[PDB]
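# What shape does this take:
(chains A, B, C and D)
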Amino acid sequence: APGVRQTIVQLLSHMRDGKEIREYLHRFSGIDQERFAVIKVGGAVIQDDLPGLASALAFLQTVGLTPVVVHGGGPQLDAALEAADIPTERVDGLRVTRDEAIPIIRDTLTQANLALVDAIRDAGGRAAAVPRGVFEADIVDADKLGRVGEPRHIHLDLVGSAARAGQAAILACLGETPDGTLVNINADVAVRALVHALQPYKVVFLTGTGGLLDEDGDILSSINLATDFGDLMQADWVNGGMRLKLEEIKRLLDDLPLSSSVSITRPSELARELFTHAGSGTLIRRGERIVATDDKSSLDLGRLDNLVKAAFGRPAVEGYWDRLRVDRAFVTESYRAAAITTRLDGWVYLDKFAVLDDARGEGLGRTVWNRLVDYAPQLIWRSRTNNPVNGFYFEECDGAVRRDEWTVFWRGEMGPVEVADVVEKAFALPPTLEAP
Amino acid sequence: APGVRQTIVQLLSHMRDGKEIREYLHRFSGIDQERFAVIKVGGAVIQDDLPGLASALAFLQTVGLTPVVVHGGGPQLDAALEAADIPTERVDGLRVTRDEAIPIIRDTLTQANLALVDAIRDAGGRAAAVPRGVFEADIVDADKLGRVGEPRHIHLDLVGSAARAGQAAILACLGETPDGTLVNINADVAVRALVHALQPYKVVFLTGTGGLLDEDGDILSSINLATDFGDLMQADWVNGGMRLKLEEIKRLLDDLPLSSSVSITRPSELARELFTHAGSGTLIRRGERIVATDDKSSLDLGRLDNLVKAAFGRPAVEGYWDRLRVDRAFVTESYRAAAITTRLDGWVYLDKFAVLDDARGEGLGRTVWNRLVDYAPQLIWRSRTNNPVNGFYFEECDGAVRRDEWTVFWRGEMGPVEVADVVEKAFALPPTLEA
Amino acid sequence: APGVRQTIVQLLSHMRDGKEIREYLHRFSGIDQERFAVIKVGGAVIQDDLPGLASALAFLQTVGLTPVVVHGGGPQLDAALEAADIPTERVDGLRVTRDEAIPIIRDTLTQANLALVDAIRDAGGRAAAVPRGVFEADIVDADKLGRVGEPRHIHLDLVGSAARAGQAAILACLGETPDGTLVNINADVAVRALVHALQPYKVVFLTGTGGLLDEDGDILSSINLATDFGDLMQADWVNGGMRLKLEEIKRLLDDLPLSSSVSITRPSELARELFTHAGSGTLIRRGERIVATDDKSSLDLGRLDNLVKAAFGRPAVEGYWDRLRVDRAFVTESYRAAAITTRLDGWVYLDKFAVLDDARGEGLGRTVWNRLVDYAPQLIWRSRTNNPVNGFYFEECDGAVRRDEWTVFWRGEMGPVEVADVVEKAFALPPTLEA
Amino acid sequence: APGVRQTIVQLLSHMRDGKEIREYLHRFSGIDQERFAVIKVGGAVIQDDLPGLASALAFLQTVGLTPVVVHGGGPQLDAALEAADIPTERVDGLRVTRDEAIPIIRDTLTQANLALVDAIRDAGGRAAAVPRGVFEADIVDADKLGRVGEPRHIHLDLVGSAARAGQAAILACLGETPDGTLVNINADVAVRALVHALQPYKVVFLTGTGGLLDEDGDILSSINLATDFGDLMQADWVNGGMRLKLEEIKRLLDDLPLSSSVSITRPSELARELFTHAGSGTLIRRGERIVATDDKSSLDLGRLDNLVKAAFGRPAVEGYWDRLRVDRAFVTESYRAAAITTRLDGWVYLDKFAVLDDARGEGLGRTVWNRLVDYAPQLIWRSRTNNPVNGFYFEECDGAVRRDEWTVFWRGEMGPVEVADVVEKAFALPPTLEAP
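Numbers count the residues shown, from 1 in each chain, chains lettered A, B, ... in the order given. Take a look at the structure below.
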């Protein structure tokens, strides 16, 4: 194994979008090599675009990553079994495939599966086709739904055989009960059980839609279940469809570490989505709630002082928290990220902003900032010249002001005359953390 | 992938027998994806010698060849883990595995199967494990034999997915009826159906035995079903066992092109057997019958002169064939191997013996010799000292005689005084090929 | 050899900064055998960090580049094994090694040298150790300094024998007078003579220090001898040490083509320094003086429009240059980097700033900025929000102002109220490049 | 290291001339990798045939072998220093190179050396040029011979650096005294000291002559110093030249294990010489004396019975050695190989022929056979049908006779009538070793 990595990495060291690939490699250097990625795909894409999914899969595996790919044959089977016939039966709320449809789906996927594995190989990747035997599942209903079952135990045995070898495990979605009765698993129950078993770092659904949509119909650049979910279920414009995947993605992530994430995208924007700070697709985390409030008394000072000591590096001076006045407060449920407003000549003033190393990487330091600006469109703050984080402040503000030691910033459509006054004030505020 | 294929020629280009690999392999340009090779193995070898088969399979695939390997779990299943949980195997005709044994064989082979695929990768080969879903088979008997079935249709779909990628398709021996009923195919019916479907160039069973035996117990260097089979079934020393595989191998080849062949061997002699003109193991063809004749006139001279020019390397001098007298003639149907007797002072005398490089390797040069000695127990012939073949002549004869240039031989329980005369004649006979 | 060269492109073809290696390397198609790179190192690094230099050298050579490395044994010889047998080094001008120290330095470097070549091979590189016989040198002083000499003629014969084979020629720092008298060249005179002989494109000293320092003690991101040198010698904070290497590096480059450049760095920042437009270490060129002017007329417009089309990517609108008013103009001699001031309400205003990709990497875009600020302590300019350069503008300014599309900047100790006016002007100024 | 071998060997397994290359590889698998081969070369070959030596060297190294090559510049310097001048001085009995010739030979060889290393690389091999620093040597005479010295200690340090890397160490023949005085070593003293230090298995001198000559002028297919040497020094036709190399080669081998050998040949016959059982060049061993005699009483029976028990596998029946009559006896000094003649109806009869496994491989079983036939041109013997050694008997005889169990052979221009009688006798002789 330590053979392909070294160079594939001495590569990744110098690039614009490199720092965030070599490290996946090191993390899953070994053993959790498949713990890299799960990836679902609706029947359509593989059919109408056999070639793009394929071009994609071969980049992850060559980089050291390991897609463990799963596919259904929505459209090729959905339509191919009507050519044949006896296609209708969807008993409870989803598809019943009675004894007659068994041989079709085998033969179809298996056809396609290879089509995909070979499509994968065509693209320069390495992969193993693993189209039977992954899902042990119990058939739970004999009469009604016909011949459909449920994932009870997972033989990861096979995937690892492909992966260990640097192959993308291309699991199709069929299964065998443990006595052998071949069964059709609708792929979602499959993906879960699977994501469960594997604990990948990322899980993606490839569709032709290739992004998800807001009220205005634009692509959705991230969700945060932790906060967003309830609302999100509960809006009309959110069409029937969009409430359920969200149900399911919350479980998928509710059952993985948070360190996990998710996109849903079209193959073409696949590149821009995993490794950049904008992108084109939906990434979904569970992320964490933010706690708000104007009520300095509802917050844990012992604990926040405990938050602060770790982010920056100093403890607040004595008698300080008592003295703080305070306008509005944002603490994410775990007291590892927080934002605080005092006031000044009417201007909302950012007093302290502290995000622990773990929180920034989860992309949380960043949700925080967001309720803070939704609430304060006109905002002033200051900052040490070296706080290497200054750069994010310049990217976001509509104002700046630098002296040797300190730099006062502002964010709002104000003209400097106005600003100069509170700003002058801002340079004058004293240091809140002790000495240099 | 970069370093592999290349660092295989400018490697085997600095040695003596490099032309025979390029020439059997290039001639083995039956890529046809996987139409390369089928390969049975008895349960035993994988167990007691996981490592050998494995070392072997990795040479074919890196060379450009493509073993499509298949395996049962004879001993590992026969014994341990079937005897462990004390289930026990029930035989009616051959083995009945009733509903109880299903989970064991899956779980056992599947174990071992990966054991082998990983054994394969351990050895530096590329392979895919294809341990379920190749054999669609019908369970034909419900009550009696329990849960056992029969190959009706073959999804080569899988093998080609491994092979196409340069993987040794390592199909283990289980199957699914088309409705799904998991079933135990006893491997033979599997291999046939399979070899049927595939039409490989070569098909080899691997066993501990690693060779097959004659009357005297020595390894058997080739058979020729075409001629040998009838007798071969019909000899007592030929033990019960040895009659049937021959029954089956006749079918396997009877159902493949003749261009096909077959070894049965232990991993260790696998090297010497495929690509050399001696070897160590059993190669089996169907070959062709030879018809026996004294009739110079019933033979194709234009064509034999065509056979001779290729074996040795000179053409017969003018007016020769017409001149040739001829006591008796053996040509294998294809005019690529032949043996000819003239006469001399009563002694049957080998005049010419030519077997083309292809025929030698098929083990046919060698059937030819056989009717020739069944017919002439007392025999004389001669030969050049360098004809590197000489060794075989000395292994066989019961006489020799060497002078710098030529060497007269004889094969018969005669005392030199008798012999000396025809022999002296033998040295005297002139060269039949030019300078 | 098969797997190496190839598994280097379809590898660095699936990443963002792959064009800059292909483009500095292909542009670095100064194979000229070894005319690739020279590389000094102080005794220390090889000792305390045998492994780093080593990890480094193996990247150049596998890439197609060819480090011709040279080494002294500063610390290993200075201390241990010279202090061990208690000989001790005698300095008159710099170091005298009288007859007694000969065997030590041979034996020491030669040790270490292999240590490095093997360190090199450990790292997956290819190299040849070339630890005697490169420096033919004359011992000029017999009595005083003891046994020390001077490089008169260079046998590159050896280096090319290692390099031609894809070996990092690892010349250690000993020499033989032409009659044979083994001699200790203090390495500098060696490196010069050597860089002289070789004409590499780049030449780098490796030290623990791994960067060079300014007044404030920060790493120095580039010098420009052409302009900087005089001042540079002539500053007190510039400590004794820092004046001389600069003396020597001026000569080294004064004697190479300008196309040459130079880092001085610690192994760890070696990556970021050669192939990026920021980096971490000292790059030194001779660069060229800039002459200072307010005379629009003394500048080559056809040629500047030629400079501008390349940096940004649009051409100026018609009748423009004629229109341009112009307070002051900085063009580096080569018309590949330039800065221009118009005016506005009294404020010097940066109108255009264009540095071609080549100039940036030479660290020249950056000298330019320098006379521009020495001249205009109070300065205003503007900029697109995306011009990925913006960051440098924010690192420098003492003012900013952002709106969706554009961003007005300023650099001076002014209070926003003053500024707001010219700034409001700044946002108002129209685009100078088309759409 | 275990990287290049495996395949380079799975290669060598099937060939006509293969069994005798893979094993050199295994022997010198590691560590004694340079203990593979030394190789000298006269100035001429590298000049007039830069390309052949070169084509040669690259086959050994690619096969796993490791030539450690040494060269002088006989002709290119011999002639190039007369262009210059002051070329004459050969003080004792060989060449004096006074202070003036130092810079020439450096500069010449070093030129050529690289020429050879590059010639080596041109040929597809891997090599390192190691043209200074191998020979530490003392200059022993200051005034007379000018500036020439003598090999006192050997830094093998360098060779191993090339070899370890799979390079053919191409040592040129210059040296440095330990204080540094550059000196010219005439290459022979160099080769010895070197062969000494290295203990290679084979050592070869490449010349344009490319073989050595007998009385009749034909190429000499092997010598055996052990026996041949005294005579060999002592024959007139043996010209002045041919007595001395033989002096030197005896020392070279007298100071290496016997397991060693030697050819002297032209590059073109280099292929046929190391790996076949004829060849074209001279191979030289020390080999071992053969002891002869008709005197059964001068031989060690306890010991021969000790020889016999190991070769075949049986001990002679009781009272046997006493009974043996005996015509002529050949024992090589070490009692590990022997040949014995009794008589029968006048015909010299080979009674026992036993060569221990070690002796056959030294090629000694084979010298033995040779005095035995020089002495008995008409010879009869017999042999078991399976004694796998039968084949050598057929290659050599001018007669045969096979029955199921035994086979009677003869060697001589006799007609079978004559022979049949002693032969009939031969089949009738009883087994000398006990039962099957």
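# ok, now which ones touch the residue sitting nearest the centre point of chain A?
In chain A, the residue lying closest to the centroid (CA atoms, centre = their mean) is residue A:261, at 2.2 Å. By CB atoms under 8 Å, 6 or more residues apart in numbering or on different chains, the contact list for residue A:261 reads A:201, A:202, A:283, A:284, A:285. Backbone N, C-alpha and C define where each C-beta goes, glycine included.
# The residue nearest to residue A:288 when sequence neighbours are not counted: neighbour count?
Leaving aside its chain neighbours, residue A:288 sits nearest to residue A:332 (4.5 Å; criterion: CB to CB, 6 or more residues apart in numbering or on different chains). When neighbours are counted by other CB atoms under 10 Å in any protein chain shown, residue A:332 registers 24.
# and the residue in the stretch 101-250 of chain A that chain C sits nearest to, how far is that from residue A:54?
The nearest approach of the stretch 101-250 of chain A to chain C comes at residue A:124, 7.9 Å away (CB to the nearest CB). Distance check for residue A:124 against residue A:54: by CB to CB, to the nearest Å, it reads 10 Å.
# So between those two, which is more surrounded?
residue A:54 (23 against 14).
# Next, work out how far apart the one residue in the stretch 51-200 of chain A that gets nearest to chain C and residue A:165 are.
Closest contact between the stretch 51-200 of chain A and chain C, by CB to the nearest CB, is at residue A:59 (6.3 Å). Distance, residue A:59 to residue A:165, by CB to CB: 18 Å.
# Residue A:246 now?
Using CB to CB, residue A:246 is found at 36 Å from residue A:165.
# can you check residue A:25 too?
Counting by CB to CB, the gap from residue A:25 to residue A:165 is 17 Å.
# for residue A:310, same thing?
Taken as CB to CB, the span from residue A:310 to residue A:165 is 43 Å.
# the more surrounded of those two?
Neighbours were tallied for residue A:310 and for residue A:165 using other CB under 10 Å; the higher tally belongs to residue A:165 (19 against 13).
# How about the contacts made by that one?
Neighbour list for residue A:165: A:126, A:128, B:121 [criterion: CB under 8 Å, 6+ apart].
# Can you pull the phi/psi pair for it?
phi -90, psi 0 (degrees, to the nearest 10).
# residues in chain A within reach of chain D, list them.
Counting by CB under 8 Å from any CB of the partner chain, no residue of chain A lies close to chain D.
# quick one, domains of chain A?
Domain ranges of chain A: A:5-285, A:290-428, per automatic domain parsing.
# deepest of these, which one?
Across the domains of chain A, averaging neighbours per residue (mean count of other CB atoms under 10 Å in any protein chain shown) puts domain A:5-285 on top, at a mean of 19.
# Excluding sequence neighbours, find me the nearest residue to the residue of the stretch 101-250 of chain A closest to chain C.
In space, residue A:124 is closest to residue A:58, 5.1 Å off (CB to CB, 6+ apart).
# my guess is that neighbour contacts residue A:125, does it?
Yes. If you go by CB atoms under 8 Å, residue A:58 and residue A:125 touch, sitting 2.8 Å apart.
# Can you check which residues contact both of these two?
With CB under 8 Å, 6+ apart as the test, residue A:58 and residue A:125 both reach residue A:168.
# so who does residue A:420 touch?
Residues near residue A:420 by CB under 8 Å, 6+ apart: C:415, C:416, C:417.
# Then residue A:379?
A:347, A:348, A:349, A:350, A:372, A:373, A:410, A:411, A:412.
# Narrow those residues to those in helices?
A:372, A:373 (DSSP state H).
# Write out the residues of the stretch 1-150 of chain A neighbouring chain B.
Counting by CB under 8 Å from any CB, the stretch 1-150 of chain A comes close to chain B at A:99, A:102-103, A:110-111, A:114, A:117-118, A:121, A:126-129, A:131-133.
# just to revisit the earlier point, of the contacts of residue A:261, which pair is most distant in space?
A:201 and A:284 (13.6 Å; CB to CB).
# where along the stretch 1-150 of chain A do the helices fall?
For the stretch 1-150 of chain A, the helices defined by DSSP state H, counting those that start in this stretch cover A:5-12, A:22-27, A:43-48, A:50-63, A:74-84, A:102-122.
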